[PDB]
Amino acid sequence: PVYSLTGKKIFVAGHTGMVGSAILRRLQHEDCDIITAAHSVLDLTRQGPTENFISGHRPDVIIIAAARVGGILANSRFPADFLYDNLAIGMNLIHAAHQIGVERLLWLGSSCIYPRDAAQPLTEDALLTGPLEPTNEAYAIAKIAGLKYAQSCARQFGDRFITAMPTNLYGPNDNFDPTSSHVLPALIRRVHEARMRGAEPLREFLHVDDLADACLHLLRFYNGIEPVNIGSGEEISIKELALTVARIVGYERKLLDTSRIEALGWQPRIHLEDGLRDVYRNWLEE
């Protein structure tokens, strides 16, 4: 263990988010002091307020889960917002963290910022080796710049700042809106509206609580400079996924290379059928 969170002050940026809330849940078990700021009180694109919040509270650990995220329609129609919001968040937090000597910082990348035509399964060193996917290039460029700024701080100063590269997430606080772009929520939705109405390629899905566990694992064990993929491992086809979904509801080429996180002795512990059923019932009861 290169680093222990016990006794440390941990700022979880974006704690109302899907990923941020999972981190906060995993943390309240830990013996630490957790620090949060709602989006309503601290706009993390504002360099002034962000620095004063970091200089006043002085966290040992910053976990950056604050972000502007959305589907293909949002990214192509609001590219300036998707670039600026995410870049300014990362720049303001990384710079403030470097200035006061924050012991550990975690930035969140994304599986969709690798080159569009990079070889599958995606290794972390595929980053920047080719053209970006145009529809979310603005988001990708912001996430890439933040990752590289964290890397430059680790190189120049030895700041222990790392980036995790997740994959498609599901689980608690997912987006079940009818306009959600998340495949699995919409499938549970489309198959449920088909179940009670009585009508006639490979993918990867990672449970948010596994991702949260892996993030704390990287914080406790990972000191490298390069990013680390956090993948599912257990793949499934949209075909096989539909039959898994339909059996849940009673109806009648984008995968990460996880060699690196596996060498750290971490592997996701939630099975797809367990998480889906556990999420199918919460969507009913809510």
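So that there is no doubt, residue numbering starts at 1 and follows the sequence shown.
Unresolved deposited residues in the interval that joins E200 and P201: Missing in between: 4 to 9 residues.
Between neighbours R253 and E252, residues that the deposited sequence lists but the model omits: Per the deposited record, the segment joining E252 and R253 lacks coordinates for 10 or more residues.
Between 240-248 and 60-68 (mean CA B-factor, as deposited), the higher: That would be 240-248.
Between the two ranges 267-275 and 6-14, the one averaging a larger CA B factor in the entry: Comparing 6-14 with 267-275, the higher mean C-alpha B-factor belongs to 267-275.
Identity of residue with top Cα B-factor, from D43, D257, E234, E51: Comparing C-alpha B-factors across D43, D257, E234, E51, the top value belongs to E234.
Member of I225, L27, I261, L219 with the greatest C-alpha B factor (per the PDB record): So the option with the highest C-alpha B-factor is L27.
Modelled-residue ranking by C-alpha temperature factor, third containing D125: Answer is lowest: the recorded C-alpha B-factor places it there.
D117 - Cα temperature factor, lowest/middle/highest third of chain: For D117, the deposited C-alpha B-factor lands in the middle third.
Entry-reported Cα temperature factor of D210, expressed as the chain third it lands in: Middle third - that is where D210 ends up once the chain's C-alpha B-factors are sorted.
Chain third (lowest, middle, highest) by recorded CA B-factor, residue given as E137: Bottom third by C-alpha B-factor.
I89, C-alpha B-factor rank within chain (lowest, middle or highest third): According to the entry, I89 has a C-alpha B-factor in the chain's lowest third.
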